[PDB]
>>> print(open('protein_8.cif').read())   # mmCIF, C-alpha atoms and all ligand atoms
data_upload
#
loop_
_atom_site.label_atom_id
_atom_site.label_comp_id
_atom_site.auth_asym_id
_atom_site.auth_seq_id
_atom_site.Cartn_x
_atom_site.Cartn_y
_atom_site.Cartn_z
CA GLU A 1 -2.76 33.06 -8.50
CA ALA A 2 -2.74 29.28 -8.93
CA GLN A 3 -4.98 27.12 -6.78
CA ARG A 4 -4.02 24.16 -4.64
CA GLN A 5 -5.85 21.14 -6.09
CA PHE A 6 -4.70 18.48 -3.59
CA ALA A 7 -4.64 18.54 0.21
CA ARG A 8 -1.20 18.14 1.88
CA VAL A 9 -0.51 16.07 5.00
CA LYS A 10 2.41 15.09 7.20
CA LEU A 11 2.86 11.30 7.43
CA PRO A 12 5.60 8.72 7.86
CA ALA A 13 6.99 8.60 4.36
CA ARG A 14 10.33 8.89 2.55
CA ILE A 15 11.55 9.46 -0.98
CA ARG A 16 14.50 7.53 -2.37
CA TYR A 17 15.92 8.99 -5.58
CA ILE A 18 19.11 9.28 -7.63
CA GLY A 19 20.57 12.78 -7.37
CA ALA A 20 22.34 14.91 -9.96
CA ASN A 21 25.76 13.60 -8.91
CA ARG A 22 24.54 10.02 -9.43
CA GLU A 23 24.41 9.45 -5.64
CA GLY A 24 21.38 8.00 -3.87
CA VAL A 25 19.35 10.28 -1.64
CA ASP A 26 17.01 9.01 1.08
CA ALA A 27 14.91 11.88 2.39
CA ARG A 28 12.03 11.99 4.83
CA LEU A 29 8.97 13.82 3.50
CA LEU A 30 7.88 17.13 4.98
CA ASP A 31 4.47 16.57 3.43
CA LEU A 32 2.63 14.61 0.73
CA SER A 33 -0.39 15.12 -1.49
CA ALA A 34 -1.82 13.27 -4.47
CA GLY A 35 0.00 15.83 -6.60
CA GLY A 36 3.47 15.95 -5.11
CA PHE A 37 5.56 16.22 -1.95
CA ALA A 38 8.21 18.24 -0.16
CA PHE A 39 11.50 17.24 1.54
CA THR A 40 14.52 19.10 2.86
CA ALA A 41 17.33 19.55 0.32
CA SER A 42 20.51 17.54 0.78
CA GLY A 43 23.24 16.05 -1.40
CA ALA A 44 23.97 17.70 -4.71
CA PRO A 45 22.37 21.13 -5.29
CA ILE A 46 18.80 20.90 -6.49
CA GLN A 47 17.56 23.32 -9.17
CA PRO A 48 13.84 23.93 -9.82
CA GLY A 49 12.80 22.52 -13.18
CA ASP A 50 14.86 19.39 -12.90
CA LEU A 51 13.37 15.95 -13.33
CA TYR A 52 14.01 12.98 -11.08
CA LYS A 53 12.85 9.39 -10.61
CA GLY A 54 12.57 7.48 -7.41
CA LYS A 55 10.51 5.46 -4.99
CA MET A 56 8.14 6.83 -2.38
CA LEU A 57 8.02 4.55 0.68
CA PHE A 58 5.35 4.59 3.37
CA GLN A 59 5.24 2.39 6.45
CA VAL A 60 2.73 2.21 9.34
CA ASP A 61 1.58 -0.64 11.63
CA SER A 62 2.43 -3.78 9.66
CA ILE A 63 1.91 -2.05 6.36
CA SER A 64 4.61 -1.29 3.82
CA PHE A 65 3.59 0.68 0.73
CA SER A 66 5.91 1.75 -2.04
CA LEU A 67 5.25 3.63 -5.26
CA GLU A 68 7.66 4.26 -8.10
CA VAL A 69 7.42 7.91 -9.09
CA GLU A 70 8.71 10.59 -11.44
CA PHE A 71 8.85 14.15 -10.21
CA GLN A 72 9.74 17.66 -11.20
CA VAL A 73 11.24 20.09 -8.69
CA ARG A 74 8.88 23.10 -8.61
CA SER A 75 10.58 25.23 -5.94
CA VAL A 76 13.17 25.36 -3.16
CA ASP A 77 12.41 27.60 -0.17
CA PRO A 78 15.42 29.90 0.25
CA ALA A 79 15.16 29.83 4.08
CA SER A 80 14.11 26.29 5.02
CA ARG A 81 15.43 24.56 1.91
CA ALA A 82 12.13 22.72 1.57
CA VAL A 83 12.05 21.26 -1.94
CA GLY A 84 8.53 21.30 -3.39
CA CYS A 85 7.99 18.60 -6.03
CA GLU A 86 5.25 17.64 -8.49
CA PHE A 87 4.57 14.03 -9.47
CA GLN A 88 4.62 13.34 -13.21
CA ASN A 89 2.67 10.75 -15.15
CA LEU A 90 0.86 9.07 -12.29
CA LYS A 91 -1.61 6.41 -13.42
CA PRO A 92 -5.23 6.76 -12.21
CA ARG A 93 -4.80 3.89 -9.72
CA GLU A 94 -1.66 5.47 -8.32
CA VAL A 95 -3.39 8.84 -7.80
CA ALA A 96 -6.31 7.08 -6.13
CA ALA A 97 -3.97 5.17 -3.78
CA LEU A 98 -2.17 8.35 -2.80
CA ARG A 99 -5.51 10.07 -2.21
CA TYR A 100 -6.57 7.22 0.07
CA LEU A 101 -3.31 7.51 2.00
CA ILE A 102 -3.66 11.30 2.32
CA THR A 103 -7.31 11.39 3.32
CA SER A 104 -6.77 8.63 5.90
CA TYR A 105 -4.21 10.85 7.62
CA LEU A 106 -6.24 14.05 7.32
CA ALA A 107 -9.19 12.21 8.82
CA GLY A 108 -7.12 10.98 11.76
CA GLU B 1 -26.93 -19.21 8.87
CA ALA B 2 -24.01 -16.80 9.26
CA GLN B 3 -23.83 -13.68 7.13
CA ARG B 4 -21.00 -12.49 4.95
CA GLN B 5 -19.83 -9.16 6.40
CA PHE B 6 -17.10 -8.31 3.86
CA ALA B 7 -17.19 -8.36 0.05
CA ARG B 8 -14.70 -10.72 -1.68
CA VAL B 9 -12.74 -9.89 -4.84
CA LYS B 10 -10.16 -11.48 -7.11
CA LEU B 11 -6.97 -9.38 -7.38
CA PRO B 12 -3.24 -9.82 -7.89
CA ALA B 13 -2.18 -10.84 -4.42
CA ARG B 14 -0.23 -13.60 -2.67
CA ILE B 15 0.20 -14.94 0.83
CA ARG B 16 3.59 -15.97 2.15
CA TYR B 17 3.46 -18.03 5.34
CA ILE B 18 5.32 -20.68 7.33
CA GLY B 19 3.57 -24.04 7.08
CA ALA B 20 3.12 -26.79 9.65
CA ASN B 21 6.31 -28.56 8.52
CA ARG B 22 8.28 -25.33 9.03
CA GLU B 23 8.56 -24.82 5.24
CA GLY B 24 7.69 -21.56 3.52
CA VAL B 25 4.59 -21.45 1.35
CA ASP B 26 4.00 -18.81 -1.34
CA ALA B 27 0.43 -19.04 -2.58
CA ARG B 28 -1.56 -16.87 -4.96
CA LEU B 29 -4.90 -15.72 -3.55
CA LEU B 30 -8.16 -17.00 -4.97
CA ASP B 31 -9.89 -14.04 -3.36
CA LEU B 32 -9.52 -11.40 -0.64
CA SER B 33 -11.80 -9.44 1.64
CA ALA B 34 -11.25 -7.17 4.63
CA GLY B 35 -12.00 -10.24 6.75
CA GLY B 36 -9.88 -12.95 5.19
CA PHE B 37 -8.81 -14.70 1.99
CA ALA B 38 -8.69 -18.01 0.17
CA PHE B 39 -5.85 -19.87 -1.60
CA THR B 40 -5.36 -23.37 -2.97
CA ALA B 41 -3.85 -25.83 -0.48
CA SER B 42 -0.28 -26.98 -1.02
CA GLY B 43 2.66 -28.14 1.08
CA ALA B 44 1.94 -29.79 4.40
CA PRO B 45 -1.71 -30.77 5.04
CA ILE B 46 -3.80 -27.89 6.31
CA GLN B 47 -6.40 -28.52 9.04
CA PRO B 48 -9.24 -26.08 9.77
CA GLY B 49 -8.77 -24.40 13.13
CA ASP B 50 -5.06 -23.97 12.78
CA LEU B 51 -3.36 -20.62 13.21
CA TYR B 52 -0.72 -19.18 10.92
CA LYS B 53 1.27 -15.98 10.44
CA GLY B 54 2.49 -14.50 7.23
CA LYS B 55 2.67 -11.61 4.83
CA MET B 56 0.04 -10.65 2.28
CA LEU B 57 1.65 -9.06 -0.80
CA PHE B 58 -0.14 -7.02 -3.43
CA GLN B 59 1.41 -5.49 -6.53
CA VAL B 60 -0.12 -3.42 -9.37
CA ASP B 61 1.27 -0.69 -11.67
CA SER B 62 4.27 0.66 -9.75
CA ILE B 63 2.67 -0.09 -6.41
CA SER B 64 3.87 -2.67 -3.93
CA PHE B 65 1.77 -3.18 -0.79
CA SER B 66 2.50 -5.67 1.94
CA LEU B 67 0.70 -6.41 5.19
CA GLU B 68 1.82 -8.69 7.99
CA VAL B 69 -1.11 -10.85 9.01
CA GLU B 70 -2.29 -13.58 11.37
CA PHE B 71 -4.95 -15.97 10.16
CA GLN B 72 -7.05 -18.92 11.17
CA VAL B 73 -8.00 -21.60 8.65
CA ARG B 74 -11.82 -21.73 8.64
CA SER B 75 -12.41 -24.38 5.96
CA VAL B 76 -10.91 -26.42 3.14
CA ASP B 77 -13.17 -27.24 0.17
CA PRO B 78 -13.01 -31.02 -0.28
CA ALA B 79 -13.19 -30.75 -4.10
CA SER B 80 -11.17 -27.66 -5.05
CA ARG B 81 -8.94 -27.59 -1.99
CA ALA B 82 -9.64 -23.88 -1.60
CA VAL B 83 -8.51 -22.91 1.90
CA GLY B 84 -10.76 -20.26 3.42
CA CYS B 85 -9.00 -18.14 6.05
CA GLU B 86 -9.97 -15.44 8.55
CA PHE B 87 -7.62 -12.61 9.51
CA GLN B 88 -6.99 -12.24 13.24
CA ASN B 89 -6.22 -9.10 15.20
CA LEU B 90 -6.14 -6.60 12.35
CA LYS B 91 -5.67 -3.01 13.50
CA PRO B 92 -8.30 -0.45 12.38
CA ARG B 93 -5.86 1.09 9.85
CA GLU B 94 -5.09 -2.32 8.41
CA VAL B 95 -8.79 -3.16 7.95
CA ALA B 96 -9.35 0.22 6.32
CA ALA B 97 -6.43 -0.32 3.91
CA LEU B 98 -7.73 -3.73 2.92
CA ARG B 99 -11.20 -2.27 2.42
CA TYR B 100 -9.75 0.39 0.13
CA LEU B 101 -7.92 -2.27 -1.86
CA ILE B 102 -11.05 -4.43 -2.14
CA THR B 103 -13.48 -1.69 -3.06
CA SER B 104 -11.08 -0.30 -5.68
CA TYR B 105 -11.17 -3.68 -7.43
CA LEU B 106 -14.91 -4.18 -7.06
CA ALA B 107 -15.43 -0.72 -8.52
CA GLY B 108 -13.22 -1.50 -11.51
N1 LIG C 1 2.71 18.02 -1.17
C1 LIG C 1 3.39 19.07 -1.84
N2 LIG C 1 3.20 19.20 -3.17
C2 LIG C 1 3.85 20.20 -3.78
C3 LIG C 1 4.69 21.08 -3.08
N3 LIG C 1 5.17 21.96 -4.01
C4 LIG C 1 4.64 21.65 -5.20
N4 LIG C 1 3.82 20.58 -5.07
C5 LIG C 1 3.04 19.88 -6.10
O1 LIG C 1 3.42 20.50 -7.31
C6 LIG C 1 2.31 21.16 -7.85
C7 LIG C 1 2.70 22.48 -8.34
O2 LIG C 1 3.22 23.31 -7.37
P1 LIG C 1 3.54 24.84 -7.61
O3 LIG C 1 4.42 25.03 -8.83
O4 LIG C 1 4.15 25.39 -6.38
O5 LIG C 1 2.21 25.54 -7.95
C8 LIG C 1 1.24 25.76 -6.95
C9 LIG C 1 1.27 27.14 -6.41
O6 LIG C 1 1.54 28.08 -7.40
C10 LIG C 1 -0.12 27.39 -5.94
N5 LIG C 1 -0.40 27.10 -4.48
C11 LIG C 1 -0.67 25.91 -3.94
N6 LIG C 1 -0.84 26.07 -2.62
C12 LIG C 1 -0.72 27.39 -2.35
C13 LIG C 1 -0.79 28.19 -1.22
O7 LIG C 1 -1.08 27.63 0.04
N7 LIG C 1 -0.59 29.51 -1.30
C14 LIG C 1 -0.30 30.08 -2.46
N8 LIG C 1 -0.09 31.43 -2.51
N9 LIG C 1 -0.21 29.36 -3.58
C15 LIG C 1 -0.43 28.04 -3.53
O8 LIG C 1 -0.98 26.55 -6.63
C16 LIG C 1 -0.15 25.68 -7.52
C17 LIG C 1 -0.72 24.37 -7.57
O9 LIG C 1 -0.76 23.63 -6.34
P2 LIG C 1 -1.07 22.12 -6.22
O10 LIG C 1 -2.37 21.80 -6.83
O11 LIG C 1 -0.88 21.71 -4.80
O12 LIG C 1 0.01 21.37 -7.15
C18 LIG C 1 1.35 21.26 -6.68
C19 LIG C 1 1.59 20.07 -5.97
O13 LIG C 1 0.93 18.89 -6.51
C20 LIG C 1 4.85 20.87 -1.70
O14 LIG C 1 5.63 21.65 -0.93
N10 LIG C 1 4.21 19.86 -1.11
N1 LIG C 2 -12.04 -13.67 1.28
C1 LIG C 2 -12.39 -14.88 1.95
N2 LIG C 2 -12.59 -14.82 3.28
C2 LIG C 2 -12.93 -15.97 3.89
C3 LIG C 2 -13.07 -17.16 3.18
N3 LIG C 2 -13.43 -18.11 4.11
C4 LIG C 2 -13.50 -17.52 5.31
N4 LIG C 2 -13.20 -16.20 5.18
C5 LIG C 2 -13.16 -15.16 6.22
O1 LIG C 2 -13.36 -15.86 7.43
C6 LIG C 2 -14.57 -15.44 8.00
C7 LIG C 2 -15.32 -16.60 8.49
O2 LIG C 2 -15.64 -17.51 7.52
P1 LIG C 2 -16.60 -18.75 7.77
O3 LIG C 2 -16.16 -19.55 8.97
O4 LIG C 2 -16.66 -19.55 6.53
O5 LIG C 2 -17.99 -18.18 8.15
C8 LIG C 2 -18.80 -17.57 7.16
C9 LIG C 2 -19.85 -18.47 6.64
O6 LIG C 2 -20.37 -19.30 7.64
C10 LIG C 2 -20.94 -17.56 6.19
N5 LIG C 2 -20.93 -17.16 4.75
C11 LIG C 2 -20.20 -16.18 4.20
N6 LIG C 2 -20.46 -16.14 2.88
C12 LIG C 2 -21.40 -17.07 2.62
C13 LIG C 2 -22.08 -17.52 1.50
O7 LIG C 2 -21.86 -16.93 0.24
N7 LIG C 2 -22.96 -18.52 1.59
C14 LIG C 2 -23.19 -19.12 2.75
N8 LIG C 2 -24.09 -20.15 2.81
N9 LIG C 2 -22.56 -18.74 3.86
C15 LIG C 2 -21.68 -17.72 3.80
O8 LIG C 2 -20.84 -16.37 6.90
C16 LIG C 2 -19.62 -16.46 7.76
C17 LIG C 2 -18.98 -15.18 7.82
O9 LIG C 2 -18.46 -14.67 6.58
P2 LIG C 2 -17.51 -13.46 6.45
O10 LIG C 2 -18.08 -12.26 7.08
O11 LIG C 2 -17.10 -13.32 5.02
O12 LIG C 2 -16.22 -13.80 7.35
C18 LIG C 2 -15.28 -14.76 6.85
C19 LIG C 2 -14.23 -14.17 6.13
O13 LIG C 2 -13.74 -12.91 6.67
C20 LIG C 2 -12.84 -17.14 1.79
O14 LIG C 2 -12.95 -18.23 1.02
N10 LIG C 2 -12.49 -16.00 1.21
CL CL C 3 -4.08 21.45 2.34
CL CL C 4 -19.10 -10.64 -2.06
#
>>> encode(input="protein_8.cif", output="C-alpha cells", more="lines below")
Ligand SMILES: Nc1nc2c(ncn2[C@@H]2O[C@@H]3COP(=O)(O)O[C@H]4[C@@H](O)[C@H](n5cnc6c(=O)[nH]c(N)nc65)O[C@@H]4COP(=O)(O)O[C@H]3[C@H]2O)c(=O)[nH]1
Ligand SMILES: Nc1nc2c(ncn2[C@@H]2O[C@@H]3COP(=O)(O)O[C@H]4[C@@H](O)[C@H](n5cnc6c(=O)[nH]c(N)nc65)O[C@@H]4COP(=O)(O)O[C@H]3[C@H]2O)c(=O)[nH]1
Ligand SMILES: [Cl-]
Ligand SMILES: [Cl-]
Amino acid sequence: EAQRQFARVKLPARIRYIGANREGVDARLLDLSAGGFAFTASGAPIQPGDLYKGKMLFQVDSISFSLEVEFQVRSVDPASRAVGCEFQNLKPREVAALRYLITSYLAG
Amino acid sequence: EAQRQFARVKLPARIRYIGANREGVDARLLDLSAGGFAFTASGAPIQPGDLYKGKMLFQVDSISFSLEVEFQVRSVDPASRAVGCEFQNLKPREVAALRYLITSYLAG
C-alpha cells in the first residue's frame, strides 16, 4: 500500500479552523508531520474529503509559532475519532519549517 | 581579538522592547544571529552595557514566529547608530530555533 513520507510526532500544538457549521474549532493535535496532522473530532460532523482552512499554533519556552494552513480530511478513525488530515499547498519554506519543528521533537 | 561565533543574516524581523524612558520601541533588525542582533537607535539614548527585555518577531509567507528575549547592548556605531546587542539566557531550544532561522536565510 501507500508509504508514509513524513515522520509524525506528538508536540504542543493546536489547530484553529472554521467548521462546516461556520463555528470556530480549537483542537489540540494528536500528532503532526510535515505532511499533515491529526486531532480528535468535535463540533459539526467531519467527512473525509472535505477541505478546510485554519491556523496551526505551536508554543514552547518563549516561542510562539503560527502557520496558516489549508487541509483536506483524509480519514476519521471510527473508534477514536482521530481525524487524519493532509496539508495542501504548503510553500517550500513552510514545509522546511514544519520539518525543523518535527525533527527537533523526534530528536528530543 | 574576539571571534565571531554565530553567522549574521539580514531577514524580515523586528524587535519590540521597552526603552529607558519607559516608552515602547519597535525597531526593524539590521541583522540577526543566534547570539544577538543589531537595529538602528531611536527613542531614548541607548548606552552600551544596558539590559533590556523584549520580543523578537519574524514573519514570512504564512509564518509568524515570536521569541521573548533579554539582551545587553554591546555597542553603538558612532556613524550609523547601529546598536549591536547580545541575547542573554537563551534556552537550548531557543538557540536552536534561531539557528534554523538564520541558516535557512543564509542558504537562500
Ligand atoms: N501527522 C499526520 N498526518 C496525516 C494523518 N493522516 C493523514 N496524514 C497526512 O495525509 C497524508 C495522506 O494520508 P493517507 O490518505 O492516510 O495516506 C497514507 C496512508 O495510506 C499510508 N500510510 C501512512 N502511514 C501508514 C502506516 O503506518 N500504516 C499503513 N498501513 N499505511 C500508512 O501512506 C499514505 C501516505 O502517508 P503520509 O506520507 O504520511 O501522508 C499523509 C500525511 O501527510 C495523521 O493521522 N497524522
Ligand atoms: N547579529 C548581531 N549580533 C551582535 C552584534 N553585535 C553584538 N552581537 C552579539 O553580541 C555578541 C558580542 O558582541 P561584541 O561585544 O561586539 O563582541 C564581538 C566582537 O568583539 C568580535 N567580532 C565579531 N565579529 C567581528 C568582526 O567581523 N570583526 C571584528 N574585528 N570583530 C568581530 O567578536 C565578539 C563576539 O562576536 P559574536 O560571537 O558574534 O557575539 C556577539 C553577538 O552574538 C551585531 O551587530 N549583530
Ligand atoms: Cl513516523
Ligand atoms: Cl557572518
>>> residues_near_ligand(input="protein_8.cif", ligand="ligand LIG 1 (chain C)", cutoff="7 Å", atoms="all atoms listed in the file", output="list in words")
residues 1, 2, 3, 4, 5, 6, 8, 31, 32, 33, 34, 35, 36, 37, 38, 74, 75, 83, 84, 85, 86 and 87 of chain A
>>> atom_distance(input="protein_8.cif", atom1="CA of residue 92 (chain B)", atom2="CA of residue 104 (chain A)")
11.3 Å
>>> atom_distance(input="protein_8.cif", atom1="atom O8 of ligand LIG 2 (chain C)", atom2="CA of residue 76 (chain B)")
14.6 Å
>>> residues_around(input="protein_8.cif", residues="residue 63 (chain A)", least_positions_apart="5", cutoff="10 Å", atoms="all atoms listed in the file", output="VMD selection string")
(chain A and resid 58) or (chain B and resid 55 to 56 65 to 69 93 to 94 97)
>>> write_last_selection(input="protein_8.cif", atoms="C-alpha atoms", output="PDB file, in the frame of the given file")
ATOM      1  CA  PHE A  58       5.350   4.590   3.370  1.00  0.00           C
TER       2      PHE A  58
ATOM      3  CA  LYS B  55       2.670 -11.610   4.830  1.00  0.00           C
ATOM      4  CA  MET B  56       0.040 -10.650   2.280  1.00  0.00           C
ATOM      5  CA  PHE B  65       1.770  -3.180  -0.790  1.00  0.00           C
ATOM      6  CA  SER B  66       2.500  -5.670   1.940  1.00  0.00           C
ATOM      7  CA  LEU B  67       0.700  -6.410   5.190  1.00  0.00           C
ATOM      8  CA  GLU B  68       1.820  -8.690   7.990  1.00  0.00           C
ATOM      9  CA  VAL B  69      -1.110 -10.850   9.010  1.00  0.00           C
ATOM     10  CA  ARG B  93      -5.860   1.090   9.850  1.00  0.00           C
ATOM     11  CA  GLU B  94      -5.090  -2.320   8.410  1.00  0.00           C
ATOM     12  CA  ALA B  97      -6.430  -0.320   3.910  1.00  0.00           C
TER      13      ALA B  97
END
>>> closest_residue(input="protein_8.cif", among="A:73, A:25, A:9, A:96", to="chain B", atoms="only C-alpha atoms")
A:96
>>> residues_near_point(input="protein_8.cif", point="(25.5, 16.3, -0.6)", cutoff="9 Å", atoms="all atoms listed in the file", output="PyMOL selection string")
chain A and resi 21+23+25+41-45
>>> closest_residue(input="protein_8.cif", among="A:26, A:102, A:90, A:64", to="chain B", atoms="only C-alpha atoms")
A:64
>>> decode(input="protein_8.cif", residues="region 19-92 of chain A", atoms="C-alpha atoms", output="PDB file, in the first residue's frame")
ATOM      1  CA  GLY A  19     -16.027  24.156  10.793  1.00  0.00           C
ATOM      2  CA  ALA A  20     -18.824  23.145   8.437  1.00  0.00           C
ATOM      3  CA  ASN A  21     -21.448  24.907  10.569  1.00  0.00           C
ATOM      4  CA  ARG A  22     -19.425  28.142  10.377  1.00  0.00           C
ATOM      5  CA  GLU A  23     -18.338  27.760  14.031  1.00  0.00           C
ATOM      6  CA  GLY A  24     -14.726  28.029  15.158  1.00  0.00           C
ATOM      7  CA  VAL A  25     -12.979  24.887  16.334  1.00  0.00           C
ATOM      8  CA  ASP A  26      -9.851  24.923  18.515  1.00  0.00           C
ATOM      9  CA  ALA A  27      -8.404  21.424  18.700  1.00  0.00           C
ATOM     10  CA  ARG A  28      -5.209  20.096  20.234  1.00  0.00           C
ATOM     11  CA  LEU A  29      -3.133  17.989  17.837  1.00  0.00           C
ATOM     12  CA  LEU A  30      -2.716  14.268  18.377  1.00  0.00           C
ATOM     13  CA  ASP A  31       0.311  14.394  16.093  1.00  0.00           C
ATOM     14  CA  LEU A  32       1.999  16.470  13.387  1.00  0.00           C
ATOM     15  CA  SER A  33       4.217  15.832  10.393  1.00  0.00           C
ATOM     16  CA  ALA A  34       5.446  17.965   7.509  1.00  0.00           C
ATOM     17  CA  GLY A  35       2.575  16.454   5.523  1.00  0.00           C
ATOM     18  CA  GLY A  36      -0.393  16.776   7.846  1.00  0.00           C
ATOM     19  CA  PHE A  37      -1.759  16.246  11.348  1.00  0.00           C
ATOM     20  CA  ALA A  38      -4.415  14.509  13.399  1.00  0.00           C
ATOM     21  CA  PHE A  39      -6.864  15.794  16.055  1.00  0.00           C
ATOM     22  CA  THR A  40      -9.934  14.404  17.789  1.00  0.00           C
ATOM     23  CA  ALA A  41     -13.226  15.209  16.050  1.00  0.00           C
ATOM     24  CA  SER A  42     -15.555  17.713  17.679  1.00  0.00           C
ATOM     25  CA  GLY A  43     -18.167  20.248  16.602  1.00  0.00           C
ATOM     26  CA  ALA A  44     -20.014  19.639  13.366  1.00  0.00           C
ATOM     27  CA  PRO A  45     -19.578  16.171  11.793  1.00  0.00           C
ATOM     28  CA  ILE A  46     -16.421  15.873   9.747  1.00  0.00           C
ATOM     29  CA  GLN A  47     -16.497  13.935   6.457  1.00  0.00           C
ATOM     30  CA  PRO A  48     -13.323  12.674   4.746  1.00  0.00           C
ATOM     31  CA  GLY A  49     -12.664  14.565   1.534  1.00  0.00           C
ATOM     32  CA  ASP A  50     -13.673  17.919   2.882  1.00  0.00           C
ATOM     33  CA  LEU A  51     -11.419  20.945   2.678  1.00  0.00           C
ATOM     34  CA  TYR A  52     -10.724  23.358   5.495  1.00  0.00           C
ATOM     35  CA  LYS A  53      -8.541  26.380   6.258  1.00  0.00           C
ATOM     36  CA  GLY A  54      -7.068  27.374   9.550  1.00  0.00           C
ATOM     37  CA  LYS A  55      -4.074  28.248  11.645  1.00  0.00           C
ATOM     38  CA  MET A  56      -1.671  25.796  13.252  1.00  0.00           C
ATOM     39  CA  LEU A  57      -0.280  27.206  16.520  1.00  0.00           C
ATOM     40  CA  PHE A  58       2.779  25.938  18.355  1.00  0.00           C
ATOM     41  CA  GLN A  59       4.146  27.265  21.627  1.00  0.00           C
ATOM     42  CA  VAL A  60       7.161  26.186  23.731  1.00  0.00           C
ATOM     43  CA  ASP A  61       9.511  28.076  26.094  1.00  0.00           C
ATOM     44  CA  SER A  62       9.167  31.703  24.999  1.00  0.00           C
ATOM     45  CA  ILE A  63       8.474  30.729  21.423  1.00  0.00           C
ATOM     46  CA  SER A  64       5.196  31.215  19.606  1.00  0.00           C
ATOM     47  CA  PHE A  65       4.952  29.855  16.056  1.00  0.00           C
ATOM     48  CA  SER A  66       1.894  30.022  13.862  1.00  0.00           C
ATOM     49  CA  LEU A  67       1.305  28.853  10.312  1.00  0.00           C
ATOM     50  CA  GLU A  68      -1.732  29.473   8.149  1.00  0.00           C
ATOM     51  CA  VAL A  69      -2.719  26.197   6.510  1.00  0.00           C
ATOM     52  CA  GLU A  70      -5.165  24.517   4.159  1.00  0.00           C
ATOM     53  CA  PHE A  71      -6.022  20.892   4.748  1.00  0.00           C
ATOM     54  CA  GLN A  72      -8.040  18.004   3.438  1.00  0.00           C
ATOM     55  CA  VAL A  73      -9.575  15.453   5.799  1.00  0.00           C
ATOM     56  CA  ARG A  74      -8.185  12.052   4.724  1.00  0.00           C
ATOM     57  CA  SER A  75      -9.802   9.796   7.341  1.00  0.00           C
ATOM     58  CA  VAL A  76     -11.673   9.597  10.634  1.00  0.00           C
ATOM     59  CA  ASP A  77     -10.940   6.608  12.888  1.00  0.00           C
ATOM     60  CA  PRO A  78     -14.309   5.010  13.680  1.00  0.00           C
ATOM     61  CA  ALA A  79     -13.241   4.115  17.255  1.00  0.00           C
ATOM     62  CA  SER A  80     -11.074   7.006  18.481  1.00  0.00           C
ATOM     63  CA  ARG A  81     -12.499   9.665  16.191  1.00  0.00           C
ATOM     64  CA  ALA A  82      -8.966  10.746  15.308  1.00  0.00           C
ATOM     65  CA  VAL A  83      -9.229  12.932  12.208  1.00  0.00           C
ATOM     66  CA  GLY A  84      -6.254  12.454   9.891  1.00  0.00           C
ATOM     67  CA  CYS A  85      -5.564  15.499   7.709  1.00  0.00           C
ATOM     68  CA  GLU A  86      -3.248  16.372   4.818  1.00  0.00           C
ATOM     69  CA  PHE A  87      -1.823  19.869   4.330  1.00  0.00           C
ATOM     70  CA  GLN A  88      -2.470  21.405   0.921  1.00  0.00           C
ATOM     71  CA  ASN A  89      -0.339  23.876  -0.992  1.00  0.00           C
ATOM     72  CA  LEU A  90       2.429  24.386   1.538  1.00  0.00           C
ATOM     73  CA  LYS A  91       5.242  26.609   0.271  1.00  0.00           C
ATOM     74  CA  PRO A  92       8.795  25.171   0.388  1.00  0.00           C
TER      75      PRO A  92
END
